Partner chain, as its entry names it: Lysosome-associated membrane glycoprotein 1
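Take a look at this one chain, the form solved without the partner chain, written out in structure tokens.
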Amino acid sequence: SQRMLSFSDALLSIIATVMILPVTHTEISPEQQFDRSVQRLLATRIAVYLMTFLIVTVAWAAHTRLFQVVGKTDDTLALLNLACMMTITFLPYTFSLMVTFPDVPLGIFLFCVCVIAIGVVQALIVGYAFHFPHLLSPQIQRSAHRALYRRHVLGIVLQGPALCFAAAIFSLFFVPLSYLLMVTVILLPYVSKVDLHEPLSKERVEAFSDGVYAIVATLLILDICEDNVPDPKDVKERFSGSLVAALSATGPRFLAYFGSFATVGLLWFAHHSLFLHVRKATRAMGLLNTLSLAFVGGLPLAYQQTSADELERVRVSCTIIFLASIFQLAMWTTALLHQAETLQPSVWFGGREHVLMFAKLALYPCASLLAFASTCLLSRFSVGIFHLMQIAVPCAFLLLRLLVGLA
């Protein structure tokens, strides 16, 4: 069923985003005398977040590819894919167990137990589909007489788990540098030396993108609602017998959320407008989408420091913006492959909304590059001015594009 995939992508997007939580609240204030240690901690949190997001995205891609061939789904497959969701959910904790405890073989053992678990869940799904082949994709067996496709399906869904099991066996009593056998789970699908590897549909990848955009836009208000509300005892504290004082004190956090939700929401708007006119995505499009989502998940942190010299924090925020928006612009740049089967005819080269899409997606990279140029001038606190300009232009952007095209 198509609709179970909606819950699938929502839950897997939340799982992909789980790692940004320790990243957002990371004691950014340098009042403690452990600045080098704090920077090392930020480095490891960003690294683990990126790696976990990539791993969960790979798992989600595998799940949706499996559910393309078995699109028709009964209740039993619903329970089986719920078990698959259990396993994908437990993957990030095992990855974190690796990262925090590298030398201990137990982390490798648990992560590969998780990989074997997801693999055997997929294998059970495929076996149940095979035993009653009425719910497959319409052309796999309802139209094709080749049942040998089952062997390829089993291979693609079990190559990873077997390699992870072998890597765990190696790590038990061999050199722990055998991390590459685990990298094989992404290496082998990446290479195509030997219809399973068809690119992901626009609907599912866009649903994942929408879910991750929603969670990264809302996580900062999650932080606000956690403990940023003034306490009943706090009004007696600080000798401020009023609520205006506490609200003003917590105000910069609210300005941070203002900027964060604004930037993330308009990035989602640009991503959406890009994905309105795509009809058949490519693997490069999926890779650029996952990279862009990984780098846009970090905007909460970037704005969280830039709200609190500070030119370096503004630089970090603008660099995150630049990365997260160039990885969106690479999607639209990936039209030289073929405009016929990737983009709608109305948005083709020399199209009706042609320059509209160019500019509507290139303003954010343009804004970040102008910030990079502005770093030279001392009054480089234009990111707030950039915030206002970049949120005000799309309201009148149609008029600006019409004026540019008139000449």
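Residue numbers count along the first chain shown, from 1. Whichever C-alpha set is largest while still superposing within 1.5 Å between the two forms counts as the rigid core.
Keep in mind that the form deposited with the partner chain bound is missing from the display, and what follows is about it.
- Of the listed positions (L200, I156, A330, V120), a single one reaches within 4.5 angstroms of the partner chain by any non-hydrogen atom in the deposited complex, namely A330.
- Contact with the partner chain in the deposited complex, defined as any heavy atom within 4.5 Å, is confined among 138 to 146, 279 to 287, 317 to 325, 296 to 304 to 317 to 325.
- Taking the partner from elsewhere, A47 is found to have every heavy atom lying beyond 4.5 Å of the partner chain in the deposited complex.
- Residue contact check for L378: none of its heavy atoms lie within 4.5 Å of the partner chain in the deposited complex.
- In the deposited complex, the partner chain stays beyond 4.5 Å of every heavy atom belonging to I28.
- Residue contact with the partner chain in the deposited complex: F358 places a heavy atom within 4.5 Å of it.
- Within 4.5 angstroms of the partner chain in the deposited complex, the stretch 343 to 377 places a non-hydrogen atom from each of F349, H354, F358, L369, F372, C376, taken in sequence order.
- Lining up the core between the shown form and the other one shows that one residue from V23, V18, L11, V393 moves its Cα 2 Å or more, and that residue is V393.
- Taking the rigid core as fixed, one finds a CA shift for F358 smaller than 2 Å between the shown form and the other one.
- In this overlay on the rigid core, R45 has a C-alpha that sits less than 2 Å away from its partner position between the shown form and the other one.
- After superposition on the rigid core, the Cα atom of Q141 is displaced by 2 Å or more between the shown form and the other one.
- Between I321 and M389, the Cα distance is smaller in the deposited complex than in this structure, by no less than 3 angstroms.
- Three angstroms is the minimum change: in the deposited complex, the CA atoms of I321 and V383 sit farther apart than in this structure, by 3 Å or more.
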